[PDB]
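S.K.: model this:
(chains A, B, C, D, E and F, ligands or ions: 5)
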Amino acid sequence: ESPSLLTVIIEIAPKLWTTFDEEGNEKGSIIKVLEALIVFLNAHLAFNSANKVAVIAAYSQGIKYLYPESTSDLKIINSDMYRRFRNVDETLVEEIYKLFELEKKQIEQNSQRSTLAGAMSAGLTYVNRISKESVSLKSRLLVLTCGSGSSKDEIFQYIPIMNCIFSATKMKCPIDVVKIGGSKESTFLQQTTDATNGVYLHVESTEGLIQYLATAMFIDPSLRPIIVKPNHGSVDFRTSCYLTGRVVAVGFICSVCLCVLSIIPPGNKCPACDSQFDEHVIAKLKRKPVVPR
Amino acid sequence: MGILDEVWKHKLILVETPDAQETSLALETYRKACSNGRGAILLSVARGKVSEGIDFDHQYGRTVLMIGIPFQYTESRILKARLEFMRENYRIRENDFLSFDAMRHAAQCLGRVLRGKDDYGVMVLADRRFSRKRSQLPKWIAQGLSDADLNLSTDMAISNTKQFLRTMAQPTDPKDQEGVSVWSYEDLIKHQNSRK
Amino acid sequence: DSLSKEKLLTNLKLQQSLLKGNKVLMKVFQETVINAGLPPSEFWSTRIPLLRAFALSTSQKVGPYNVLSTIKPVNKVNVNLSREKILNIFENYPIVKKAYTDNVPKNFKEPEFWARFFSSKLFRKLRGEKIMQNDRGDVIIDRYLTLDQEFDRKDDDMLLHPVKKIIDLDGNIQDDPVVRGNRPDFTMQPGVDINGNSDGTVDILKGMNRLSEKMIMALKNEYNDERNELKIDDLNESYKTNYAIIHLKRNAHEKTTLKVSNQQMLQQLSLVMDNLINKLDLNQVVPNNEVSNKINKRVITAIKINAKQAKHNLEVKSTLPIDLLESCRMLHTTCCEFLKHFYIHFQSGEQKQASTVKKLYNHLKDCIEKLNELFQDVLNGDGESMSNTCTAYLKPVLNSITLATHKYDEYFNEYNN
Amino acid sequence: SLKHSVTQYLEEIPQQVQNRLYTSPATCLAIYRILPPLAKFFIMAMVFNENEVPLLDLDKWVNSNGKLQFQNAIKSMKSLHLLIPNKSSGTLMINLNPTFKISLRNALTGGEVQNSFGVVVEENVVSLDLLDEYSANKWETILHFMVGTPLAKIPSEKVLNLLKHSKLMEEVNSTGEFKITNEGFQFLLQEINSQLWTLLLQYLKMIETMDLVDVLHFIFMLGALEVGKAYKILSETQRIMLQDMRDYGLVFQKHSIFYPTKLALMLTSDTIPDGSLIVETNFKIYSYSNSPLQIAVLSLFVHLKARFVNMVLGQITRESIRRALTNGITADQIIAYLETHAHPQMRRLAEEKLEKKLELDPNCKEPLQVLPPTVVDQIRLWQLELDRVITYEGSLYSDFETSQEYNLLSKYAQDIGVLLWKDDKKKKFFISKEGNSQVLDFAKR
Amino acid sequence: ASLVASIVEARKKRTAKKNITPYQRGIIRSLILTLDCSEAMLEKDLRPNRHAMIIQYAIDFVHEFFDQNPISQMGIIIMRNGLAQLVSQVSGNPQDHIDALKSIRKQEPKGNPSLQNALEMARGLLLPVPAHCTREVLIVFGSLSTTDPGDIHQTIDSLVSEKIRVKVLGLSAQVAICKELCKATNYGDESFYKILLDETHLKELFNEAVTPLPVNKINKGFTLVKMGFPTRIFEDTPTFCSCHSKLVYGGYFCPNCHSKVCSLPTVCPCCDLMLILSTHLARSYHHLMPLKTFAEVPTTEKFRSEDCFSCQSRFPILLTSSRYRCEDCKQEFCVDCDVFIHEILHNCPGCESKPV
Amino acid sequence: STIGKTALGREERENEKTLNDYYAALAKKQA
Ligand SMILES: [Zn+2]
Ligand SMILES: [Zn+2]
Ligand SMILES: [Zn+2]
Ligand SMILES: [Zn+2]
Ligand SMILES: [Zn+2]
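M.R.: Numbers count the residues shown, from 1 in each chain, chains lettered A, B, ... in the order given. Ligands and ions are numbered 1, 2, ... in the order given. Take a look:
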């Protein structure tokens, strides 16, 4: 009914995609998702003539805005493509080429953490700027992540993703997630989709991605209330402990810092805020249930 | 007329009496009512026992209504003789001395409102004859008396009082008084160095 | 004092007061206390706050104020009075109460008493108005005028006390006891008449002063300093906040229930670069028609479940009859109340409540039996048509009750034997 | 109304012509955008899969709340024959048109397009200086000739003929002059997008034997093109069609290469104010507008007295109002123009008036009247004055032998809705000239 | 010089924002909102009237407070006819309080206010609260006089003994007893007694009251609270809820007694266990790890990029550099972003993107 | 604006009862 902005955040990392190719029998599967995303963006632009497109790539050493251009060309797609569609696709491919060159130069750099949270925050900031500038535009976030590569530690991603969830809920900006890899579910991203009215999808095979993109992640903000989401997974809205690394259904959270704990911390002292708990108070919770003698 | 009935709804009424003990108890009651937030109004004589030492600061004194110039009784033989003696000896005019005597008590009552620089109050002189006595008020009161307030109306004075109280109810900026009205040891040393 | 857990639980009058007014609380109470047999103290233990709120509603009174001044008579004149104002008048003027109690049942009724009081000079004197000799007043009320004088003397003695030297005006006049000067002019002395006696205007001033003093003193009922007052606060050191700072360290272990090298990574990167520069076919995105059907089947498989949940995501309309539904709700409510009490006593942590825990466990077992009996009754009456629906309606509470009993049994097995 | 009008015209076209119309991806890209959002979603779902999906599966996607929207979407999609319903094996399978599917696939995936969108000469021109000025001037000339204000360069015989043959701009040779009508005023009240679409639709209906599919190919491709760039020259009919379109100020020719203009992009989708005016209780109008088009259209129902650079001042008079009404303009349309061109001062004062009304009586939500009710009352009263005298053409029936026959004839006339007046006491009645023949035939029978 | 005046005013505004420290704040709050409904509230200084504007802003405050403090609780008291009337019991349901305010807005205010009565009622309402929660009372006072039956100083002493904290928002002028209350009840701090100057400043004060108050160093109540995270259930048939005894399509299952609850966060009606979701706790992490302020870069030095890092927007070119940087990551940000990252978001995109 | 108009011219009671009876029984039991 009204124009909507689509901000696609793609987590393209050589380490992430090499593991996918090695575990599978598909070589260069990254290209497949590139052209699948290109056709998806063309379809989004064909939905209406007043809708914009933004692409943010999260590479090893940071983030980059593939579209629109920064601070103001090779032929990779036929020039017969629609002028508006090509104006975005050619720039996207050129920035992909430049990004690959830049990251190839620093391939030896030891990056121990991903940048998906920063990419999501940048996308939200871009949505805010465009909405404030133009006046009466809807917005939508898409996150294409490669989960095949084993992650080092996802704990540090918890807080920023939750803040992004809150901001998206304030701006009524659904965020959808598409995961390509081995793990069937990503707890944090699935929580993001469920709490922001998004769509969480996990696909094992890179081929035929356009079907999923067109049938599942094509719900524009105008008809979200009238379209039922295809998500199948169910979340628990739980969090892992702080010193045992297990999901806790019932536990103790420190009042001062609201840090979760499955069991009483050793030494009767919080391991995060260095706060000493009262012995008399802590004994009460340690007391066992009452049963007749 | 029933005006005291209207006053009673908003504040308690305490009245100065000839009995010194009763007046002291009235002062204590007025202070208690001002402290507990009930709100109180104290009626006294400008040349009475309260104005000769009792001080109203902070919560105790907020508004001072000087109802008329506290002129002495002109038709008094003692005062007339004193005026004649002063005119003959010190060459002081009778009107000048009478105005001085009244303005002195008016200022005496006015000055019992402020203890420090964080205290505030509204001082209304209700008489047509104060309009020409600005030059006779103390210097620190004359400087604060603006030219637009020389002759006001009751409603306009009420509006000004409301605005002034609302303005004075805000937190003061520390920088606005850091070294211009309140001096620390370093500021005092700087003043001494600049002066020397 | 009185507003405490023990007294609120023991004040049966308050319990009978709020429950008579509140119907829903009575709805639960009738089932859980009359037929079920739950102790009233146990019932109110979890509703302490309701009792305190209902008590505070009626346990508060307005502050003292000048009522006779608010009384405006406004030829006939109509003056309106209310019970609250009558009580305020009695509280503020004990003489009126004295003349009321001894005369209302004896000589004349309350309306006549109030009319005579309003017409009398006593009301004028208590209003702080100058009494006029021309006014006739009332003969009956005037008998108390001298008693009012005596009461005023007694109240003056009640209020008199030593005053601090800071605001001691008596010391100001007694500082020099041998002062002899010129007597003040008549403008500086109380007004007097031709005959030389007082005009009476000072009396009303003293009356209003005494009224204010009495109100302030009544505030202070049964229910060093000079240095602090005289010190200049503005010149003191500015107040400094004493808030505590916190530094939150972040170090948490990962959740608990092939490696690729730089050469392979660079080789794949070179491959993708070469492919992109050489050629790119967007038409290859279209599937082969052998995987499109599978993808569509998977997506529609998810869609069916999502729609089934979404079509049914004021109480919702129900198929059961009103009587049976109400009975089911009653059973659920009583069972839930028993469960709440059982869990409270079980997790109290003190063994002194073992008898209460046992009684609540027996009550829960009886609740299970009652649920089974209701299921059987509905099964036979409705021929299984509504039995399944009722069981679905009451399924979670049955599971909770049986879980509580199972946990109690397991812990008893471990503890006792 | 934009999408509704275009969709209605496209629906009236035969299916045989639609199938050939969907050959070029350029036309498909334009037609796709006009459908409702739900229809667009379904079309995008169906385009990328080469299979048949049952209608029930599509129904599952829509929530209970949007069930109504599902009906409109499916009805609109089926009206254009875009979705071909095939029933077999007891299931009402739904499939997409193969030509439409292939066209969308080519457009989206950059497949073979046969240069439907055209080529680029890489010889750009100054759009602001030349394209904007040319199109603005030409559109202004046509609109000026429509509003009737004198203008030197009269429009070409092509557009003049289209105007006359259309309901717009009624003309009579006996009178020897051209005047605006009710539809003309509505056209002038419509926005630029709808103003262009109306003329283009009239041209589409006017053209006879130049293919209907070719005309839509050219129009939709023109909408596809972007302003400020060159495009080398196409169909044989499209050559003369391009020359004709140059007469509407859409495409600019040097005198080999044609350039689209701002209106070309305006065709595809949409995109103090000029035109806002103040109306006083003294029947005075002060319009803060500087444009001959606005001045001329205001002159229709305003007795202009003077003008300034920044604004135009006039007075409402019975003569001007009667002129506008005689031209067929409705008071509703006049008040619509005034309301949609109300000044911010008038809007703020009317908002304060509504706020005061609701504050005084918030129980009733009174309507928001931007301009004083007296002007509305006066205009409607003048319309009533014009409508005071009512006359009909027909014949009077009397001298009936039998009351039964009189009642029979009068009742038949009432049943066929051609009875205007009757009197039983006089046994007389009057019927319309249209129904005179039917009444006479019934009387004979 | 007007543009430079605007720039210097912006710098002065940022001066206060410069000083930010990770103060310890009590996320778990128990607030008692006391409203004044007396004859003094019939004045027209606030349009249409004080009662109407105050009630509207109270509704908005309730919405914001329960949006940003999911695990807190609120209660509503009013002052009418010199008596304190309770209109909302302490609970975690925002809808009940909103409906209570919608009911309150109708009745005309009359009578005198009673601060002592209101404070006693608030103390009684806050008596049954855990020691780990912060007991707060927000009063909207409009009158210049107080009529009380007892000694207000004794009530103030009792409040100090009970460790309750009182914030007072005045309308016209400072009241001595209000100042003494707000000072003695906040360890001598005198910044908790605010008098508004206009409608916009009243809105700003109401919004400021939302954020949790920092705790005192000497007031230690550190402890561990037993809470559980339930799992949402999707059922085919309606079932009776253990909290309201009403049929609902689905509800969260407690992990300690398996009873179902309609909405979160609420104390379980059976095991008296607090049920919350991870997002409810996540909403308060920014109060424990506030983002450090951003300082503008002087024009003397050389800038990094011509476009904003977070939004990719051209930096306006003209005297004063329109750039803001994050010291942690040293990434230039535009003025439009800075406010968004410091008001809506709570993470720096540059810091998140920088690997370690 | 009246232009189009034609021109002017010529039960809880039992619940309370059982409540009272039960409380009377309670009081008698305590006494
Ligand atoms: Zn901690
Ligand atoms: Zn419920
Ligand atoms: Zn539970
Ligand atoms: Zn940073
Ligand atoms: Zn920016």
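
S.K.: so who does residue B:114 touch?
M.R.: B:57, B:120-121 (CB atoms under 8 Å, 6 or more residues apart in numbering or on different chains). To be clear about C-beta, it is placed using only N, CA and C from the backbone, and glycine gets the same treatment.

S.K.: Any idea how many residues pack against the closest residue to ligand 3 within the stretch 1-150 of chain E?
M.R.: When distances are taken as CB to the ion, the stretch 1-150 of chain E reaches nearest to ligand 3 at residue E:92, 14.9 Å away. For residue E:92, the tally of surrounding residues (other CB atoms under 10 Å in any protein chain shown) stands at 20.

S.K.: so it sits right up against residue E:69, yeah?
M.R.: No: using CB atoms under 8 Å, residue E:92 is not in contact with residue E:69, being 9.9 Å away.

S.K.: how close does residue A:172 get to chain D?
M.R.: 17 Å (CB to the nearest CB, to the nearest Å).

S.K.: Check which helix or strand the residue nearest the centre of chain C maps to.
M.R.: Residue closest to the average C-alpha location in chain C (CA atoms, centre = their mean): residue C:53, at 4.5 Å. Secondary structure from DSSP states H and E places residue C:53 in helix C:48-58.

S.K.: For that helix, list every residue counted as buried.
M.R.: C:49-56 (16 or more other CB atoms under 10 Å in any protein chain shown).

S.K.: Check stretch D:234-243 too.
M.R.: D:234, D:238, D:241-242.

S.K.: Spatially, which two of those are the most separated?
M.R.: Largest separation among the buried residues of stretch D:234-243 by CB to CB: D:234 and D:241, giving 9.2 Å.

S.K.: Nearest to ligand 3: which residue in the stretch 1-150 of chain A?
M.R.: For the stretch 1-150 of chain A, CB to the ion, closest residue to ligand 3: residue A:117, 34.2 Å.

S.K.: Not counting sequence-adjacent ones, nearest residue to that residue?
M.R.: Nearest non-adjacent residue to residue A:117, counting by CB to CB, 6 or more residues apart in numbering or on different chains: residue A:160, 3.8 Å away.

S.K.: Look at that neighbour and say how many residues are nearby.
M.R.: Neighbours of residue A:160 (other CB under 10 Å): 23.

S.K.: Please report the distance of it from chain F.
M.R.: 57 Å.

S.K.: list the buried ones in the one helix or strand that residue maps to?
M.R.: Take DSSP H and E as the rule and residue A:160 turns out to sit in helix A:158-170. Neighbour-count burial for helix A:158-170, counted by 16+ other CB under 10 Å, picks out A:158-169.

S.K.: Which of the three states applies to residue A:85?
M.R.: Using DSSP: H, G, I helix; E, B strand; the rest coil, the structure places residue A:85 in helix.

S.K.: quick one: residue A:55 and residue A:66 touch, right?
M.R.: Yes: the criterion here is CB under 8 Å, and residue A:55 meets it with residue A:66 at 4.0 Å.

S.K.: Of those two, give the one with the bigger neighbour count.
M.R.: Set side by side, residue A:55 and residue A:66 show more neighbours around residue A:55, with 25 against 22, by other CB under 10 Å.

S.K.: How are the helices of the stretch 101-250 of chain D distributed by residue range?
M.R.: D:133-147, D:157-165, D:182-189, D:192-206, D:212-224, D:236-245 (DSSP state H, counting those that start in this stretch).

S.K.: quick one, which of those helices is packed in tightest?
M.R.: helix D:212-224 (a mean of 21; mean count of other CB atoms under 10 Å in any protein chain shown).

S.K.: Just after the longest helix anywhere in chain D, pick out the following helix or strand.
M.R.: For chain D, the longest helix by residue count, based on DSSP state H, is helix D:344-360. For helix D:344-360, the succeeding helix or strand toward the C-terminus, using DSSP H and E, is helix D:373-386.

S.K.: who does that next one touch, helix- and strand-wise?
M.R.: helix D:318-326, helix D:331-340 (3 or more CB pairs under 8 Å, 6 or more residues apart in numbering or on different chains; DSSP states H and E).

S.K.: now do 6 Å
M.R.: helix D:331-340 (3 or more CB pairs under 6 Å, 6 or more residues apart in numbering or on different chains; DSSP states H and E).

S.K.: which residues are contacting the helix it packs on?
M.R.: D:185, D:189, D:301, D:370-371, D:379-380, D:383 (CB atoms under 6 Å, 6 or more residues apart in numbering or on different chains).

S.K.: Between those residues, which sits nearest chain F?
M.R.: Distance to chain F across these (CB to the nearest CB) is lowest for residue D:380, with 5.3 Å.

S.K.: Isn't the closest one up against residue F:3?
M.R.: Yes: counting by CB atoms under 6 Å, residue D:380 touches residue F:3, with 5.3 Å between them.

S.K.: Comparing these two, which residue is more hemmed in?
M.R.: Higher neighbour count among residue D:380 and residue F:3: residue D:380, with 16 against 12, using other CB under 10 Å.

S.K.: That one: what's it in contact with?
M.R.: Contacts for residue D:380 (CB under 6 Å, 6+ apart) come out as D:331, F:3.

S.K.: now swap in residue A:23 and tell me
M.R.: Applying CB under 6 Å, 6+ apart, no residues contact residue A:23.

S.K.: Secondary structure class of residue B:56, three-state.
M.R.: Once three-state DSSP is applied, residue B:56 turns out coil.

S.K.: from memory it sits against residue B:110, does it?
M.R.: No: in this structure residue B:56 lies outside contact range of residue B:110 using CB under 6 Å: 10.8 Å.

S.K.: State the distance from residue E:170 to residue E:140.
M.R.: 9 Å (CB to CB, to the nearest Å).

S.K.: Also residue C:135?
M.R.: In terms of CB to CB, residue C:135 sits 48 Å off from residue E:140.

S.K.: quick one: which of those two has more around it?
M.R.: With neighbours defined as other CB under 10 Å, residue C:135 and residue E:140 compare such that residue E:140 has more, 28 against 10.

S.K.: wait, what's in contact with the spatially most central residue of chain E?
M.R.: In chain E, the centroid-proximal residue (CA atoms, centre = their mean) is residue E:210; its distance is 1.3 Å. Residues near residue E:210 by CB under 6 Å, 6+ apart: E:64-65, E:68.

S.K.: Which of these fall in helices?
M.R.: E:64-65, E:68.
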